[PDB]
Amino acid sequence: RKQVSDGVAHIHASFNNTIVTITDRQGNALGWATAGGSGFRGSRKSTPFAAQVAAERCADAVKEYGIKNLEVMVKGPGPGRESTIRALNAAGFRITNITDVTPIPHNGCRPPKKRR
Amino acid sequence: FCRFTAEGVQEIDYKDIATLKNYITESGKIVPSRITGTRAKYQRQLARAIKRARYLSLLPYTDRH
Amino acid sequence: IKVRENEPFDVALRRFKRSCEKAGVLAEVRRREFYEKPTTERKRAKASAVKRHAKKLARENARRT
Amino acid sequence: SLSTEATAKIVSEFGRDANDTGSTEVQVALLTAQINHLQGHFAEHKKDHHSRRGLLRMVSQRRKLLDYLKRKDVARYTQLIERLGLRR
Amino acid sequence: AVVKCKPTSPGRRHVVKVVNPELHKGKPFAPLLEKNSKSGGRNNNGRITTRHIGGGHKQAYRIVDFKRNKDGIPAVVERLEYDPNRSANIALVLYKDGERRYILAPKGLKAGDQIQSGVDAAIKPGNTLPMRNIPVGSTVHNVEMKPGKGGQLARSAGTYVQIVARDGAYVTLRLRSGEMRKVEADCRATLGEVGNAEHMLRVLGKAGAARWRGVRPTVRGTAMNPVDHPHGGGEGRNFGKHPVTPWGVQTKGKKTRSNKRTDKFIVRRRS
Amino acid sequence: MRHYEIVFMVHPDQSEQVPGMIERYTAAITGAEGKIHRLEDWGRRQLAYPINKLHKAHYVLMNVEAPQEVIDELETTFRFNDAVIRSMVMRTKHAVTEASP
RNA sequence: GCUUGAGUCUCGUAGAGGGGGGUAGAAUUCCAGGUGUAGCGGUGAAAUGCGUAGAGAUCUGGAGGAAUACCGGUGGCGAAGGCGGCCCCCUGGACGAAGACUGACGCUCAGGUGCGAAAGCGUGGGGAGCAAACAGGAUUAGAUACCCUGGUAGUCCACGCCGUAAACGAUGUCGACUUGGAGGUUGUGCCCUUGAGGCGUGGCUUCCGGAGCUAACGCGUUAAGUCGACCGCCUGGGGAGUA
RNA sequence: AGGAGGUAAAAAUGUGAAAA
């Protein structure tokens, strides 16, 4: 709860899951989001619909937490990528900032080779 | 497709702040010569001023800080 | 990298990525260099670009239109 | 490298003027210096592969020029080898 | 350096020497040298307590200054001396008031590098100071455990300890065992690693070399008779008993850490 | 000699102790025959990336035609003192002044 | 003996040329707290792997090693292999306008000599990630197979060693000579710098194509066109580039 | 229309002798 105004939701968007716990810039973490824990296994793991139903079930009972607008920091491609946080804006909960931090290196350490 | 050294002599240096930031973009990319139409030998100098001012902290290595 | 707009956005509305990459540099420069082949795949599509250039010059013959 | 001064030095030290640089004896002597000019660089770094390639290229130009002057003149050859201290 | 001799005779073949020309080829400094008789592994009762010990060349005990409580006065490294008792070479220092001391030789130490101990000396290999005054992430040796003990950890040739974390009055250390232990920040430590790091490459070569180092031959368990050791006996080589010590205790797998009072100070186990 | 462009920059806390040392390095610049061209104290503008701490550091420029012996001296001088934020030396180009920026 | 060959100096041109030393940020990422709900995970789908001590995830703090996103381009330099952030250091070679200088010193080359991807190997370090050998789950009529989760050597820097490749523009090197179009291209001559240039000059390079030539394909002023210098190599296929 | 994003499960064998 804690009854605050806004917050900093950092979204680690993997190729399979838009993992986001309702977090803050100070570490205050309450409300999870999972593309597998919201059901949707099989082909439905990397599907955008898995994330969106999980994102509404991420902002579940957060009105009591006081939080309305949340700083989205989306990291990676993400299964939804344009609807996960958008339906939250379509439901009304606007975003203070969408900082899509793509972690681009200068091609340092050698990357793997899956899908031979 | 601009006034170049044959006519428009110009020092391509990292000291001149104006022209240095005129070929950059917000997405962490020096704008290539395929659209701006700069000359190649000066493009190498255009390339160098970015790496030079990246050390001077006129431009970062990323864009989010 | 950033699509906010902050007062009047209310939706995603992200065609900035659809016009630049949208998956481009993430799904290609994530891994797998190989250091040997791509240049031919670059040049063959560049030959296709040459073929796109060659076919545009041979448009005006008669065409019956 | 053999910078402009030291080149312009020996020509005025082994020749008649500074224009005698494209003359044979000084053509030799600049290259003898060129070996010594690079001796320090191979005393260090031990891996400058292309750098030694220039030096081996040079010693032929020394030796091939060493025989042309020798061909036209036995005594100028004997002088040049002792004016500098080369050909063993 | 590390030289291998030519096979002029068997027994000379696999030998590798540890020759270090910087070492002081002289006679050690007299007043810093006390006697030390050998023991042969025999306690007050005269019985052999620890086996495989005896003989060897006669060695003298060099008084190695461990405490280094002389603080504030600089010390000039005089000469690098070989040491029979240690595994690393030592250094004769010269405290500027006119004192001679023997200290352990750190890695990059030369004959003349002036050192200093105490809180005043800056971070330099060979300087000694309390660990609260050392930047965490460094590399030390000769570490005390009680403040004023003398320095017990990281004394062998080619060892070192990395200071990993400093929590208040306690400091966590990367000990050379793949293990982490807590220690008082007021404890002193000497900076840098311990020199003579090529000592590990030493090959004894022949059997006689270990004999003159004081090590007396061991005896295998199965070669004994079944009253002297729990193994052995039988037709010879007919094993089948789990590996045990000569005193019935199992070896090859049994943890024997029995302290109970210092597990508070051990953070992480031996790897 | 080399027509180099020595520059550096400095964080605000150090910005008020480097001016004492600015005289020390200008004792070095002029003390090795090095002909000074700029001395630009630009002012505390905001940094591009957070350099060792937060942004907004002061910048001081040199641009001095000096011999190579002192350029070896200066880089080595900051090795023992990482207080003054690193100095970058640029090539000849044979010029003197572009005033403020 | 001169001079168009060749060679030297002068003066500017550009460059991942070679090596050595620092640097910096990001990035999978280990040492952990904060705080926190049950999965994380992967694909053809499932699963061993993996987490309720609180993982994925979360931000601030700390440790690195190894490579440099955009720039970057049939672009540059080097004999080739091959070489790519930045910065100064010692150092390679080429090009260019125009002069002075010696006056055929050259061209190629058996032998010999040096360099010579990677892998492998030797001693010593070093190890983050990737990943042979090695483990497992399944798809399977078979799995020492794709797909899938772990991981060693290797990769690593220094010194050695091997001396192999589709080491290949599959075209030896040297020089002369023989219609052009259209790109990239850096020194550089004149004219109005009048203005995004007009008019050229040459180094080098890319593509389509002329005569010619070619078995044909195609190459085609960087020739496989027209000639000359000289070295090396082939004589049906397998056997065998082995004994 | 120049640039771009976006794209799909394991599937094997049929040894001999027949060219105006």
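Protein chains in written order, with our numbering: chain A, 1 to 116; chain B, 1001 to 1065; chain C, 2001 to 2065; chain D, 3001 to 3088; chain E, 4001 to 4271; chain F, 5001 to 5101. Note that CB positions come from ideal geometry on N, CA and C, so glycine has one too.
Could you work out which residue in the options is closest to residue i when comparing CA atoms only?
i: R81(A); options: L2013(C), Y2035(C), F2009(C), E2005(C); result: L2013(C)
i: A4121(E); options: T4222(E), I4134(E), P4106(E), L4109(E); result: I4134(E)
i: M4200(E); options: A4209(E), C4005(E), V4018(E), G4098(E); result: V4018(E)
i: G4208(E); options: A4001(E), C4005(E), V4015(E), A4223(E); result: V4015(E)
i: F3014(D); options: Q3027(D), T3004(D), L3002(D); result: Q3027(D)
i: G4253(E); options: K4260(E), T4245(E), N4259(E); result: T4245(E)
i: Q1045(B); options: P5101(F), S5087(F), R5091(F), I5022(F); result: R5091(F)
i: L3038(D); options: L3056(D), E3005(D), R3071(D); result: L3056(D)
i: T4251(E); options: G4126(E), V4171(E), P4243(E); result: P4243(E)
i: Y4170(E); options: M4145(E), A4154(E), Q4152(E); result: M4145(E)
i: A9(A); options: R41(A), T18(A), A90(A); result: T18(A)
i: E4034(E); options: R4012(E), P4084(E), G4233(E); result: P4084(E)
i: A1018(B); options: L1059(B), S1027(B), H1065(B), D1063(B); result: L1059(B)
i: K113(A); options: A2058(C), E2033(C), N2061(C), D2010(C); result: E2033(C)
i: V4002(E); options: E4235(E), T4256(E), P4226(E), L4204(E); result: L4204(E)
i: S4271(E); options: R4174(E), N4045(E), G4150(E), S4037(E); result: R4174(E)
i: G4236(E); options: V4136(E), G4248(E), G4221(E); result: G4221(E)
i: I85(A); options: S5(A), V20(A), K2(A); result: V20(A)
i: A4223(E); options: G4118(E), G4233(E), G4108(E); result: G4233(E)
i: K1051(B); options: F1001(B), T1038(B), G1028(B); result: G1028(B)
Just the chain C side, please: which residues come within less than 8 Å of residue i by C-beta, in chain order?
i: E82(A); result: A2012, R2014
i: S1027(B); result: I2001, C2020
i: residue 143(A); result: What is shown of chain A runs 1 to 116, which leaves residue 143(A) out entirely.
i: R86(A); result: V2011, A2012
Indicate whether residue i and residue j have their beta-carbon atoms separated by less than 9 Å.
i: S4177(E); j: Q4162(E); result: no
i: residue 121(A); j: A33(A); result: This structure leaves residue 121(A) out entirely; chain A is present only between 1 and 116.
i: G5034(F); j: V5070(F); result: yes
i: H4141(E); j: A4189(E); result: yes
i: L3080(D); j: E3025(D); result: yes
i: residue 3998(E); j: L4094(E); result: No statement about residue 3998(E) is possible, as the shown extent of chain E runs from 4001 to 4271 and does not include it.
i: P4147(E); j: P4130(E); result: yes
i: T1036(B); j: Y1023(B); result: yes
i: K2017(C); j: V2003(C); result: yes
i: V5018(F); j: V5089(F); result: no
i: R4101(E); j: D4065(E); result: yes
i: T3021(D); j: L3030(D); result: yes
i: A5057(F); j: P5012(F); result: yes
i: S5(A); j: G76(A); result: no
i: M4180(E); j: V4194(E); result: no
i: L5054(F); j: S1057(B); result: no
i: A5066(F); j: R5002(F); result: yes
i: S5087(F); j: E5098(F); result: no
Below 8 Å on the Cβ atoms is my contact criterion, and I expect residue i with residue j to pass it. Report the Cβ-Cβ distance as a whole number of Å.
i: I5029(F); j: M5062(F); result: 7 Å
i: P4028(E); j: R4062(E); result: 6 Å
i: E71(A); j: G7(A); result: 7 Å
Chain B partners of residue i, CB-CB under 7 Å?
i: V5007(F); result: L1056
For residue i, go through chain F and note every residue whose CB falls closer than 9 Å to its CB, in chain order.
i: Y1061(B); result: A5048, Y5049
i: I1017(B); result: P5101
i: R1052(B); result: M5088, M5090
Residues of chain A with a CB under 7 Å from the CB of residue i: which are they?
i: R2032(C); result: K113
What in chain C is Cβ-close to residue i, meaning under 9 Å?
i: residue 118(A); result: In the structure as shown, chain A begins at 1 and stops at 116. Residue 118(A) is therefore absent and cannot be evaluated.
i: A91(A); result: By Cβ distance, chain C contributes nothing, its closest Cβ being about 11 Å from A91(A), past 9 Å.
For a contact meaning CB atoms closer than 7 Å, what does residue i contact in chain C?
i: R25(A); result: The premise fails here: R25(A) is roughly 16 Å from chain C at the closest Cβ pair, so nothing lies under 7 Å.
Exercise. Taking only runs that begin and end inside the region 7-50 of chain A, name each unbroken beta strand (DSSP E) of 3 or more residues, in chain order.
Key: 18-21
Quiz prompt | Complete runs of the beta strand (DSSP E) confined to the region 4069-4148 of chain E [at least 3 residues] | solution = 4075-4081, 4090-4095, 4099-4104, 4128-4130, 4139-4141
Quiz item: Quick one: complete alpha helix (DSSP H) runs, 4+ long, within the region 4171-4217 of chain E?
Solution: Within the region 4171-4217 of chain E, the complete alpha helix (DSSP H) runs of at least 4 residues are 4207-4211.
Exercise. List in chain order: all unbroken alpha helix (DSSP H) runs of 4+ residues lying wholly within the region 5014-5057 of chain F.
Key: 5018-5029
Exercise. Identify every run of the alpha helix (DSSP H) within the region 2007-2043 of chain C, keeping only runs that are complete inside it and at least 4 residues long; order them along the chain.
Key: Taking only runs of at least 4 residues, the alpha helix (DSSP H) segments lying wholly in the region 2007-2043 of chain C are 2016-2020.
Practice problem: Only counting runs of 4 or more residues, tell me where the alpha helix (DSSP H) segments fall wholly within the region 3021-3088 of chain D, in order along the chain. | Solution: Runs found: 3024-3043, 3049-3072, 3074-3084.
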